[PDB]
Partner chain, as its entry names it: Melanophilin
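Consider the single chain below, provided in structure tokens and representing the form solved without the partner chain.
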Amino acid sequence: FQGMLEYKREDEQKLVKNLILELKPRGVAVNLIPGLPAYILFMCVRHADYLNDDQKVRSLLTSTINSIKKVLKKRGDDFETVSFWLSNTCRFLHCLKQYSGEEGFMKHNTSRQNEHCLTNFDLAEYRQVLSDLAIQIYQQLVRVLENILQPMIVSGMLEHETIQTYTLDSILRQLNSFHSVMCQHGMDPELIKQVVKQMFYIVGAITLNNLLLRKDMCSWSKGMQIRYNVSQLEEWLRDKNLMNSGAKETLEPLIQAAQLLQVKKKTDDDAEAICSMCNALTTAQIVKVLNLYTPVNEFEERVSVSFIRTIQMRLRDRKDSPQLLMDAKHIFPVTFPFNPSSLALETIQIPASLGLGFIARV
């Protein structure tokens, strides 16, 4: 057994139907072996390459890419399905690299993986197409994230009192559910990191925008509440070993506005402390918070106009962005760094549960 799979030309549509269109991401086999559809499809590409059959290679790659697009048009609003196919598209791309035969992708191969490289076809142009597809799938993934998270944020980060409708705990359970689905799917760790940064940004940007929009959100105690909430999100990062994901950093402007809500706002020293601390907020965002600041406790006092004027004067030369509200729909641009797999293709078994009886091991 050489780690290849053969199938008849006429069964190609049946092949992508069972491996892609109708393949359930919760299937027991694809859970035991994350990436299974990708590997099976790749072992199919290998046999077509071996036969030197250009029509068959062309046809299979096209049916594969088009089937993935078809699943995402149909079920693209379901996180599990999109996550599953971002992972498998990525893995398929990795395989085509790992086993391309190009010496640069061979650095981490075993001797036996090297024997499995493609020999007749340079598939570089397909790789580029696949990469672009993953970008689009990733963008869909983030939009699904945003759609589920956005109704949870104000209620859970701002309105619900966490220090004596959605709660912080709701948000944290969502984040967990997202994370564990991606882990189940075997998504690249480096890509999970980016999804997590993106999620933290959504949470942060929506919370901050509300501060910039509502007087009843700008008090000492809200600021206190926001810092407490953030520290829970940081603990979530810490527990997941995601402290170098960049996700903490996306919360920095929110943290500085929450700190802005809490500090002294009367003296020139207070004016100066604020300008030193708030290096991740624009002059516009700073001045907004100050203008909106409305005491909720007796120990809080109104920010005077002269104080605000003072703060504008100190930031006169800083040349900030005019930005006020943040785009909660911004997507940090993503990369898919090559991630070679240690799976031995010759060990791979096609589970009867996939209905692939019409393909043969070679």
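Residue numbers count along the first chain shown, from 1.
Keep in mind that the form deposited with the partner chain bound is not shown, yet the notes after this line are about it.
- Within 4.5 Å of some heavy atom of the partner chain in the entry with it bound lies at least one heavy atom of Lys69.
- When contacts are judged by a 4.5 Å heavy atom cut-off, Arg309 does not count as touching the partner chain in the entry with it bound.
- Contact annotation for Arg58: at least one heavy atom lies within 4.5 Å of the partner chain in the entry with it bound.
- Taking the partner from elsewhere, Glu272 is found to have every heavy atom lying beyond 4.5 Å of the partner chain in the entry with it bound.
- Think of it this way: in the entry with it bound, the partner chain has a heavy atom of just one of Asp320, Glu301, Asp54, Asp327 within 4.5 Å, and the residue is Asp54.
- In terms of contact with the partner chain in the entry with it bound, the residue from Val263, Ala280, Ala124, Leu213 that brings a heavy atom within 4.5 Å is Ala124.
- Heavy atoms of every residue among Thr62, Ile65 and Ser100 are located within 4.5 Å of the partner chain in the entry with it bound.
- Between 146-154, 247-255, 125-133, 217-225, the stretch whose residues reach within 4.5 angstroms of the partner chain in the entry with it bound through a non-hydrogen atom is 125-133.
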